[PDB]
Each structure stands twice: as structure tokens, then as C-alpha cells.
file data_16.pdb (PDB, C-alpha atoms and all ligand atoms)
ATOM      1  CA  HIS P   1      -9.085 -76.257-116.293
ATOM      2  CA  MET P   2      -7.571 -79.440-117.798
ATOM      3  CA  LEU P   3     -10.364 -80.552-120.164
ATOM      4  CA  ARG P   4     -10.159 -77.218-121.966
ATOM      5  CA  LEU P   5      -7.258 -75.305-123.527
ATOM      6  CA  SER P   6      -7.940 -71.567-123.628
ATOM      7  CA  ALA P   7      -4.575 -69.884-123.770
ATOM      8  CA  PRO P   8      -3.119 -68.180-126.852
ATOM      9  CA  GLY P   9      -0.315 -70.146-128.494
ATOM     10  CA  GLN P  10       0.314 -73.804-129.217
ATOM     11  CA  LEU P  11      -2.565 -76.197-128.485
ATOM     12  CA  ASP P  12      -1.252 -79.243-130.370
ATOM     13  CA  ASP P  13       1.726 -80.062-132.618
ATOM     14  CA  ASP P  14      -0.188 -78.770-135.650
ATOM     15  CA  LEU P  15      -2.492 -76.227-134.026
ATOM     16  CA  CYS P  16      -2.211 -72.790-132.335
ATOM     17  CA  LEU P  17      -4.749 -70.307-130.967
ATOM     18  CA  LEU P  18      -4.197 -66.739-132.183
ATOM     19  CA  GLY P  19      -5.730 -63.624-130.745
ATOM     20  CA  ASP P  20      -8.452 -63.490-128.101
ATOM     21  CA  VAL P  21      -9.847 -66.795-126.715
ATOM     22  CA  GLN P  22     -13.380 -65.408-126.890
ATOM     23  CA  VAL P  23     -13.035 -64.750-130.637
ATOM     24  CA  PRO P  24     -10.136 -67.022-131.564
ATOM     25  CA  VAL P  25      -8.503 -67.618-134.907
ATOM     26  CA  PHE P  26      -6.880 -71.052-135.176
ATOM     27  CA  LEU P  27      -3.681 -71.771-137.097
ATOM     28  CA  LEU P  28      -2.937 -75.129-138.733
ATOM     29  CA  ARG P  29       0.610 -76.105-139.702
ATOM     30  CA  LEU P  30      -0.077 -78.058-142.901
ATOM     31  CA  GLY P  31       3.610 -78.581-143.650
ATOM     32  CA  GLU P  32       7.070 -77.054-143.689
ATOM     33  CA  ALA P  33       5.958 -74.089-145.819
ATOM     34  CA  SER P  34       2.173 -74.384-145.654
ATOM     35  CA  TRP P  35      -0.368 -73.103-143.098
ATOM     36  CA  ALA P  36      -4.108 -72.606-142.731
ATOM     37  CA  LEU P  37      -6.514 -70.509-140.674
ATOM     38  CA  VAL P  38      -9.880 -71.561-139.242
ATOM     39  CA  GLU P  39     -12.531 -69.034-138.004
ATOM     40  CA  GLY P  40     -12.632 -65.409-139.175
ATOM     41  CA  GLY P  41     -12.668 -63.292-135.957
ATOM     42  CA  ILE P  42     -13.811 -59.728-135.361
ATOM     43  CA  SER P  43     -12.431 -56.808-137.357
ATOM     44  CA  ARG P  44     -10.919 -54.881-134.421
ATOM     45  CA  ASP P  45      -8.567 -57.824-133.699
ATOM     46  CA  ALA P  46      -6.927 -57.508-137.145
ATOM     47  CA  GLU P  47      -3.615 -56.274-135.807
ATOM     48  CA  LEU P  48      -3.508 -58.540-132.736
ATOM     49  CA  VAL P  49      -4.135 -61.648-134.846
ATOM     50  CA  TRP P  50      -1.617 -60.447-137.448
ATOM     51  CA  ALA P  51       1.076 -59.953-134.821
ATOM     52  CA  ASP P  52       0.260 -63.394-133.395
ATOM     53  CA  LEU P  53       0.384 -64.996-136.851
ATOM     54  CA  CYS P  54       3.764 -63.517-137.747
ATOM     55  CA  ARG P  55       5.277 -65.022-134.614
ATOM     56  CA  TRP P  56       4.560 -68.500-135.967
ATOM     57  CA  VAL P  57       4.746 -67.858-139.732
ATOM     58  CA  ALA P  58       7.819 -66.148-141.156
ATOM     59  CA  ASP P  59       6.365 -65.782-144.672
ATOM     60  CA  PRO P  60       2.589 -65.146-144.865
ATOM     61  CA  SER P  61       2.600 -66.181-148.499
ATOM     62  CA  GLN P  62       2.536 -69.616-146.815
ATOM     63  CA  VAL P  63      -1.012 -69.109-145.531
ATOM     64  CA  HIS P  64      -2.907 -71.063-148.169
ATOM     65  CA  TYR P  65      -6.379 -71.644-146.704
ATOM     66  CA  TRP P  66      -8.854 -69.804-144.486
ATOM     67  CA  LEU P  67     -11.903 -71.812-143.397
ATOM     68  CA  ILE P  68     -15.078 -70.017-142.320
ATOM     69  CA  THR P  69     -17.963 -71.654-140.464
ATOM     70  CA  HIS P  70     -20.674 -69.018-140.951
ATOM     71  CA  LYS P  71     -21.497 -65.448-141.974
ATOM     72  CA  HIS P  72     -21.943 -63.811-138.549
ATOM     73  CA  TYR P  73     -19.963 -60.610-137.940
ATOM     74  CA  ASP P  74     -17.821 -62.315-135.298
ATOM     75  CA  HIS P  75     -16.628 -65.147-137.583
ATOM     76  CA  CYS P  76     -15.481 -63.315-140.757
ATOM     77  CA  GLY P  77     -14.716 -59.784-139.580
ATOM     78  CA  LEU P  78     -10.975 -60.210-140.157
ATOM     79  CA  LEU P  79     -11.274 -61.217-143.840
ATOM     80  CA  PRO P  80     -11.233 -57.813-145.622
ATOM     81  CA  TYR P  81      -8.379 -56.621-143.411
ATOM     82  CA  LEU P  82      -5.988 -59.578-143.396
ATOM     83  CA  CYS P  83      -6.627 -61.357-146.711
ATOM     84  CA  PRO P  84      -4.639 -58.623-148.525
ATOM     85  CA  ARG P  85      -1.666 -59.498-146.312
ATOM     86  CA  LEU P  86      -1.991 -63.206-147.237
ATOM     87  CA  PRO P  87      -1.554 -63.162-151.013
ATOM     88  CA  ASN P  88      -1.845 -66.933-151.490
ATOM     89  CA  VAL P  89      -4.742 -67.485-149.102
ATOM     90  CA  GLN P  90      -7.943 -69.097-150.414
ATOM     91  CA  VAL P  91     -11.113 -68.579-148.348
ATOM     92  CA  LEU P  92     -13.269 -71.716-148.049
ATOM     93  CA  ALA P  93     -16.900 -71.095-147.103
ATOM     94  CA  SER P  94     -20.352 -72.520-147.760
ATOM     95  CA  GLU P  95     -22.425 -71.440-150.736
ATOM     96  CA  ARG P  96     -24.895 -69.458-148.642
ATOM     97  CA  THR P  97     -22.029 -67.883-146.659
ATOM     98  CA  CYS P  98     -20.344 -66.599-149.832
ATOM     99  CA  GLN P  99     -23.608 -65.031-150.962
ATOM    100  CA  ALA P 100     -23.789 -63.080-147.696
ATOM    101  CA  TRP P 101     -20.523 -61.391-148.705
ATOM    102  CA  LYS P 102     -22.121 -60.430-152.025
ATOM    103  CA  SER P 103     -25.201 -58.919-150.356
ATOM    104  CA  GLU P 104     -24.750 -55.208-149.697
ATOM    105  CA  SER P 105     -27.447 -55.129-147.006
ATOM    106  CA  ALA P 106     -25.778 -58.036-145.211
ATOM    107  CA  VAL P 107     -22.214 -56.718-145.547
ATOM    108  CA  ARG P 108     -23.373 -53.388-144.071
ATOM    109  CA  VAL P 109     -24.601 -55.097-140.880
ATOM    110  CA  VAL P 110     -21.348 -57.053-140.531
ATOM    111  CA  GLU P 111     -19.361 -53.811-140.838
ATOM    112  CA  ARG P 112     -21.585 -51.894-138.404
ATOM    113  CA  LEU P 113     -21.568 -54.699-135.813
ATOM    114  CA  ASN P 114     -17.775 -54.966-136.019
ATOM    115  CA  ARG P 115     -17.288 -51.199-135.793
ATOM    116  CA  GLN P 116     -19.027 -51.077-132.401
ATOM    117  CA  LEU P 117     -16.022 -53.111-131.204
ATOM    118  CA  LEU P 118     -13.189 -50.735-132.197
ATOM    119  CA  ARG P 119     -11.388 -49.081-129.282
ATOM    120  CA  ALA P 120     -11.037 -45.307-129.146
ATOM    121  CA  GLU P 121      -7.464 -45.018-130.385
ATOM    122  CA  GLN P 122      -7.644 -47.585-133.170
ATOM    123  CA  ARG P 123      -8.478 -47.636-136.875
ATOM    124  CA  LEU P 124      -8.385 -50.563-139.260
ATOM    125  CA  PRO P 125      -5.951 -51.715-141.963
ATOM    126  CA  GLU P 126      -6.658 -51.051-145.604
ATOM    127  CA  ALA P 127      -9.251 -53.549-146.716
ATOM    128  CA  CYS P 128     -10.499 -55.622-149.603
ATOM    129  CA  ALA P 129     -13.996 -55.189-150.845
ATOM    130  CA  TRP P 130     -16.188 -57.958-149.461
ATOM    131  CA  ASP P 131     -17.020 -59.145-152.986
ATOM    132  CA  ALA P 132     -13.263 -59.132-153.750
ATOM    133  CA  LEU P 133     -12.239 -61.771-151.270
ATOM    134  CA  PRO P 134     -10.286 -64.753-152.627
ATOM    135  CA  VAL P 135     -13.128 -67.210-152.044
ATOM    136  CA  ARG P 136     -13.806 -70.830-153.021
ATOM    137  CA  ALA P 137     -17.298 -72.078-152.169
ATOM    138  CA  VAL P 138     -17.535 -75.518-150.597
ATOM    139  CA  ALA P 139     -20.497 -77.881-150.393
ATOM    140  CA  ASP P 140     -21.848 -80.290-147.770
ATOM    141  CA  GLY P 141     -19.751 -83.460-147.676
ATOM    142  CA  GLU P 142     -16.814 -82.028-149.657
ATOM    143  CA  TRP P 143     -13.348 -83.129-148.518
ATOM    144  CA  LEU P 144     -10.885 -80.282-147.995
ATOM    145  CA  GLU P 145      -7.518 -81.830-148.848
ATOM    146  CA  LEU P 146      -5.415 -79.120-147.205
ATOM    147  CA  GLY P 147      -2.122 -80.995-146.778
ATOM    148  CA  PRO P 148      -0.533 -84.442-146.455
ATOM    149  CA  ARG P 149      -1.638 -84.771-142.834
ATOM    150  CA  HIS P 150      -4.705 -82.499-142.928
ATOM    151  CA  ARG P 151      -7.925 -83.726-144.526
ATOM    152  CA  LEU P 152     -11.136 -82.084-143.283
ATOM    153  CA  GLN P 153     -14.734 -82.843-144.287
ATOM    154  CA  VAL P 154     -17.282 -80.019-144.642
ATOM    155  CA  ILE P 155     -20.546 -80.817-142.850
ATOM    156  CA  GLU P 156     -23.653 -78.705-143.231
ATOM    157  CA  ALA P 157     -24.797 -77.592-139.800
ATOM    158  CA  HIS P 158     -27.666 -75.135-140.301
ATOM    159  CA  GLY P 159     -29.655 -73.963-137.302
ATOM    160  CA  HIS P 160     -27.486 -71.404-135.561
ATOM    161  CA  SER P 161     -27.549 -69.623-138.928
ATOM    162  CA  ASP P 162     -29.055 -70.591-142.262
ATOM    163  CA  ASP P 163     -25.559 -70.895-143.776
ATOM    164  CA  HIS P 164     -23.623 -72.629-141.001
ATOM    165  CA  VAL P 165     -21.112 -75.459-141.552
ATOM    166  CA  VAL P 166     -18.478 -77.296-139.505
ATOM    167  CA  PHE P 167     -15.195 -78.949-140.428
ATOM    168  CA  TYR P 168     -14.216 -82.454-139.320
ATOM    169  CA  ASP P 169     -10.621 -83.759-139.203
ATOM    170  CA  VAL P 170     -11.364 -87.456-138.816
ATOM    171  CA  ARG P 171      -7.665 -88.296-138.626
ATOM    172  CA  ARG P 172      -7.532 -86.250-135.412
ATOM    173  CA  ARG P 173     -11.131 -86.692-134.158
ATOM    174  CA  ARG P 174     -11.108 -82.886-134.173
ATOM    175  CA  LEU P 175     -14.288 -80.956-134.932
ATOM    176  CA  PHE P 176     -14.220 -77.226-135.704
ATOM    177  CA  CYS P 177     -17.870 -76.802-134.793
ATOM    178  CA  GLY P 178     -18.309 -73.002-134.998
ATOM    179  CA  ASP P 179     -21.474 -71.922-133.153
ATOM    180  CA  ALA P 180     -23.500 -75.069-133.868
ATOM    181  CA  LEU P 181     -23.342 -76.340-130.308
ATOM    182  CA  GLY P 182     -23.847 -72.859-128.871
ATOM    183  CA  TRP P 183     -21.561 -70.976-126.511
ATOM    184  CA  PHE P 184     -19.601 -72.987-123.971
ATOM    185  CA  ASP P 185     -19.906 -71.510-120.460
ATOM    186  CA  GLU P 186     -16.515 -71.783-118.745
ATOM    187  CA  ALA P 187     -18.045 -70.833-115.380
ATOM    188  CA  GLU P 188     -20.506 -73.761-115.274
ATOM    189  CA  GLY P 189     -19.102 -76.093-117.931
ATOM    190  CA  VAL P 190     -22.288 -76.426-120.018
ATOM    191  CA  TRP P 191     -23.301 -75.242-123.459
ATOM    192  CA  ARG P 192     -25.614 -72.268-123.877
ATOM    193  CA  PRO P 193     -27.833 -72.655-126.975
ATOM    194  CA  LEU P 194     -27.325 -70.244-129.889
ATOM    195  CA  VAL P 195     -30.429 -70.698-132.056
ATOM    196  CA  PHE P 196     -30.691 -67.643-134.310
ATOM    197  CA  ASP P 197     -32.328 -69.219-137.366
ATOM    198  CA  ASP P 198     -34.212 -72.556-137.122
ATOM    199  CA  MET P 199     -34.591 -74.673-133.987
ATOM    200  CA  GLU P 200     -35.426 -77.957-135.760
ATOM    201  CA  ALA P 201     -32.437 -77.670-138.109
ATOM    202  CA  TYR P 202     -30.269 -76.826-135.065
ATOM    203  CA  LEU P 203     -31.403 -79.958-133.224
ATOM    204  CA  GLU P 204     -31.091 -82.002-136.423
ATOM    205  CA  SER P 205     -27.506 -80.808-136.974
ATOM    206  CA  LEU P 206     -26.602 -81.852-133.434
ATOM    207  CA  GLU P 207     -28.274 -85.234-134.012
ATOM    208  CA  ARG P 208     -25.962 -85.770-136.984
ATOM    209  CA  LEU P 209     -22.889 -84.416-135.209
ATOM    210  CA  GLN P 210     -23.456 -86.941-132.422
ATOM    211  CA  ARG P 211     -23.133 -89.730-134.965
ATOM    212  CA  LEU P 212     -19.543 -88.698-135.834
ATOM    213  CA  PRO P 213     -16.729 -90.933-134.612
ATOM    214  CA  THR P 214     -16.008 -90.086-130.966
ATOM    215  CA  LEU P 215     -14.416 -86.648-130.761
ATOM    216  CA  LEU P 216     -11.043 -86.135-129.144
ATOM    217  CA  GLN P 217     -10.929 -82.353-129.683
ATOM    218  CA  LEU P 218     -13.963 -80.062-129.939
ATOM    219  CA  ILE P 219     -13.187 -76.513-131.112
ATOM    220  CA  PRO P 220     -16.202 -74.128-131.059
ATOM    221  CA  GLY P 221     -16.277 -70.552-132.289
ATOM    222  CA  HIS P 222     -15.591 -69.188-128.812
ATOM    223  CA  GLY P 223     -13.786 -70.302-125.681
ATOM    224  CA  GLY P 224     -10.892 -72.385-127.008
ATOM    225  CA  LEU P 225     -10.318 -76.139-127.307
ATOM    226  CA  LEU P 226     -12.347 -78.812-125.491
ATOM    227  CA  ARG P 227     -10.998 -82.318-124.953
ATOM    228  CA  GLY P 228     -11.683 -85.488-122.983
ATOM    229  CA  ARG P 229     -15.343 -85.952-122.139
ATOM    230  CA  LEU P 230     -16.267 -82.345-123.011
ATOM    231  CA  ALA P 231     -15.388 -83.231-126.593
ATOM    232  CA  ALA P 232     -16.751 -86.791-126.561
ATOM    233  CA  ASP P 233     -20.138 -85.658-125.158
ATOM    234  CA  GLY P 234     -20.176 -82.173-126.705
ATOM    235  CA  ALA P 235     -22.853 -82.640-129.340
ATOM    236  CA  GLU P 236     -25.144 -84.642-127.031
ATOM    237  CA  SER P 237     -24.760 -82.082-124.211
ATOM    238  CA  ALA P 238     -25.484 -79.125-126.488
ATOM    239  CA  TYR P 239     -28.612 -80.893-127.754
ATOM    240  CA  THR P 240     -29.677 -81.492-124.145
ATOM    241  CA  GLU P 241     -29.143 -77.885-123.042
ATOM    242  CA  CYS P 242     -31.177 -76.636-125.984
ATOM    243  CA  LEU P 243     -34.107 -78.857-124.991
ATOM    244  CA  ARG P 244     -33.647 -77.712-121.387
ATOM    245  CA  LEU P 245     -34.102 -74.089-122.485
ATOM    246  CA  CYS P 246     -37.195 -74.907-124.555
ATOM    247  CA  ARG P 247     -38.798 -76.557-121.536
ATOM    248  CA  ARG P 248     -37.991 -73.458-119.486
ATOM    249  CA  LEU P 249     -39.484 -71.055-122.057
ATOM    250  CA  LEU P 250     -42.581 -73.260-122.111
ATOM    251  CA  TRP P 251     -42.661 -73.250-118.313
ATOM    252  CA  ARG P 252     -42.178 -69.535-117.737
ATOM    253  CA  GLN P 253     -44.642 -68.623-120.477
ATOM    254  CA  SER P 254     -47.211 -70.974-118.923
ATOM    255  CA  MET P 255     -46.869 -68.711-115.852
ATOM    256  CA  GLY P 256     -47.576 -65.497-117.788
ATOM    257  CA  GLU P 257     -44.010 -64.282-118.396
ATOM    258  CA  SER P 258     -43.238 -62.031-121.334
ATOM    259  CA  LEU P 259     -40.362 -62.992-123.601
ATOM    260  CA  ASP P 260     -38.581 -59.920-122.222
ATOM    261  CA  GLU P 261     -38.901 -61.018-118.586
ATOM    262  CA  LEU P 262     -36.960 -64.131-119.594
ATOM    263  CA  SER P 263     -34.871 -62.300-122.191
ATOM    264  CA  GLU P 264     -33.640 -60.205-119.246
ATOM    265  CA  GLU P 265     -33.117 -63.223-116.980
ATOM    266  CA  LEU P 266     -31.088 -65.044-119.654
ATOM    267  CA  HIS P 267     -29.143 -61.906-120.654
ATOM    268  CA  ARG P 268     -28.383 -61.239-116.969
ATOM    269  CA  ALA P 269     -27.355 -64.877-116.510
ATOM    270  CA  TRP P 270     -25.045 -65.377-119.517
ATOM    271  CA  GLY P 271     -24.543 -61.961-121.184
ATOM    272  CA  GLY P 272     -21.607 -61.023-118.929
ATOM    273  CA  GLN P 273     -19.207 -63.265-120.854
ATOM    274  CA  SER P 274     -20.626 -62.924-124.382
ATOM    275  CA  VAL P 275     -20.027 -59.176-124.131
ATOM    276  CA  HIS P 276     -26.276 -59.770-127.197
ATOM    277  CA  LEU P 277     -29.748 -58.774-125.931
ATOM    278  CA  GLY P 278     -31.547 -58.079-129.203
ATOM    279  CA  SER P 279     -29.984 -61.324-130.395
ATOM    280  CA  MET P 280     -31.185 -62.890-127.136
ATOM    281  CA  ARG P 281     -34.795 -62.036-127.993
ATOM    282  CA  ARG P 282     -34.818 -63.339-131.587
ATOM    283  CA  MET P 283     -33.655 -66.670-130.172
ATOM    284  CA  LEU P 284     -36.380 -66.833-127.524
ATOM    285  CA  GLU P 285     -38.840 -65.826-130.245
ATOM    286  CA  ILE P 286     -37.492 -68.520-132.573
ATOM    287  CA  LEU P 287     -37.684 -71.284-129.953
ATOM    288  CA  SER P 288     -41.168 -70.303-128.729
ATOM    289  CA  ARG P 289     -42.234 -70.314-132.390
ATOM    290  CA  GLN P 290     -41.418 -73.998-132.974
ATOM    291  CA  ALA P 291     -42.896 -75.613-129.821
TER     292      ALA P 291
HETATM  293 FE    FE Q 301     -22.798 -66.940-134.648
HETATM  294 FE    FE Q 302     -20.466 -66.349-132.718
END
call {"tool": "encode", "arguments": {"input": "data_16.pdb", "output": "C-alpha cells", "more": "lines below"}}
Ligand SMILES: [Fe+3]
Ligand SMILES: [Fe+3]
result
Amino acid sequence: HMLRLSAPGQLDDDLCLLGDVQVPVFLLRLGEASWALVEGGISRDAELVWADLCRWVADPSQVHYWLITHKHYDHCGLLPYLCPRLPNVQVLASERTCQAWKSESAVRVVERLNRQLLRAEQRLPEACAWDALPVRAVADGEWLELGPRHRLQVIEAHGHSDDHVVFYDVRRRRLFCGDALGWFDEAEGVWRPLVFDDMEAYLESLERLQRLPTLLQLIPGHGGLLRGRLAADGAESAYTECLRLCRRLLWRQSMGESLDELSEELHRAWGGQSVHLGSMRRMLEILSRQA
């Protein structure tokens, strides 16, 4: 499809997709000898992403920044395994996100969730400690002056998770929106809501994101790059789909349906491309809590 770039490699003059489109890691050419990464992947992809990186970047000492949208296992799983190979990298994440990496209970869930994704033959690279990562904490509204042509603004976007942020390149009308709009469904071309924390904050984040200057490029945490109207209308559409799901929880519960009976229907309907179910229930619980 032409409103959506989902192939590994070059997406724009300054931007490549590395690794798997479902859990991509984006690469920004900041300058002749200066690069940046955006989104932190899953752990098992450490060697794939590495191999993909080294095809665009001769010296990895040139990777200076790694931007992280939130703490979930599928958006920072690469950090302990590839940061040691990127000696000059500096990891930029929100205050709450950095605290997750200091929590031992939280780190243990990240590691366990990622380990369920390792293939039979494979083991992982040698790794940093999670509290040893070269990290600089960023705050809502901060400007990340990454290079002469790359200037991104950090925007708090809680709701998907209580730590979530997005990164706006206003020069390029390019939003790295993480999971804040949900999961884009390539089969039907609509967003699927990902509310795993607070529904009001999720809707409020989308309200603010809609007020951004018209997007040209919308880059979620999964699925690749969205352009044209998919980007322009992204935040409004995601907001709409979320409401749509609320009204359907309401409806089906007014007809005596358990959360599970709809947890199954939603898992059956969308879980064949985000492959969870236990996550699927905490969302339906969260939404039915606040309405
Ligand atoms: Fe997430
Ligand atoms: Fe995710």
C-alpha cells in the first residue's frame, strides 16, 4: 500500500527502518558522521537490528542518540544488548521511563516477556545492567537538538502507559508516536486502541496530538511509516476508534457479556497480527472502569 511504508531499509533521505516492521527500530542520519535511533525493539532482534545498522553505519561510535517512547518490553528490549556496541550513544527517555529501568520488579518482567520471544537456537549478546544504561532523562516540552537538520520536541503522551511520550520533528511534520494511537491494522486500515493504563489520559493525549501542525509522516511503534491522510488524520482516527470500542464494551455488557466473552472476540479479531490476551483483558477492564 502507498500511504504506508513498511519495508526494511530507506524510508526517506534521513530515515531508515531496521529490523522487523512489527517491532521496528528507526535510524536517523543526523549528519555525515552522526546518527540516531528511535524505538527500542525486542531483545531477540538484537543481532538482526545490529546487522541492519552496520549496513548503513560504518562506525557505530557515530550513533549518538537513542530515543525511547515508553517502558514496555517491546520498546526497550534491545537496550542492554546493543548499547555496549554503541559507545557514544545517549539514551533519551522520560523521567518515569528511566525509573522503570531502576526498578528490579519491573526490569524482571521486561526480561521475562522478551525471553518468551527467543528462538530455539539463539542466545543473546553480552548485556549491560539495566541501571547501567547511558541514559539522559527528558521532560515534557523539551527540545532534543540532535543535529543541524534534526530538532525534535518531547511531548508527554500518557495513557497507553503511565510513562509514555512521543517525539515531534516539526521541520518534517513527522511524529514518532509510539503506542499512543494504538496499533495500526494493515488489514483494515484503522487503529486498534492500546489503553493499558488510563483511558482519560489516553484520550486527552490524542486530543493534544490532534492540535499539532498537520502531520506528513506518522511513525507508530509498530507497522512502519504512515503518510498522506493516514498521517494527517491519525490522531483523530485513533481517538475515534477508542470511543468506538468503549461504546461496544458498553453495548455488549448491557447484553450480559462477560469481559472474557469480548476479550476472546477482540483477541480472535486482532491478536493474529500482534502475536496479548492477558493484556487484552486489562484494557477491557480499564475502559469499562472509566465509563
Ligand atoms: Fe506498549
Ligand atoms: Fe508496543
call {"tool": "atom_distance", "arguments": {"input": "data_16.pdb", "atom1": "CA of residue 280 in chain P", "atom2": "CA of residue 266 in chain P"}}
result
7.8 Å
call {"tool": "residues_around", "arguments": {"input": "data_16.pdb", "residues": "range 215-231 of chain P", "least_positions_apart": "2", "cutoff": "8 Å", "atoms": "only C-alpha atoms", "output": "ChimeraX atom specification"}}
result
/P:3-7,11,17,21-24,39,75,172-181,183-184,186,212-213,233-235
call {"tool": "closest_atom_pairs", "arguments": {"input": "data_16.pdb", "of": "chain P", "to": "ligand FE 301 (chain Q)", "cutoff": "7 Å", "atoms": "all atoms listed in the file", "output": "CSV"}}
result
residue,atom,partner,partner_atom,distance
P:70,CA,Q:FE301,FE,7.0
P:72,CA,Q:FE301,FE,5.1
P:74,CA,Q:FE301,FE,6.8
P:160,CA,Q:FE301,FE,6.5
P:161,CA,Q:FE301,FE,6.9
P:179,CA,Q:FE301,FE,5.4
call {"tool": "closest_residue", "arguments": {"input": "data_16.pdb", "among": "P:210, P:83, P:182, P:134", "to": "ligand FE 302 (chain Q)", "atoms": "all atoms listed in the file"}}
result
P:182
call {"tool": "atom_distance", "arguments": {"input": "data_16.pdb", "atom1": "CA of residue 125 in chain P", "atom2": "CA of residue 76 in chain P"}}
result
15.1 Å
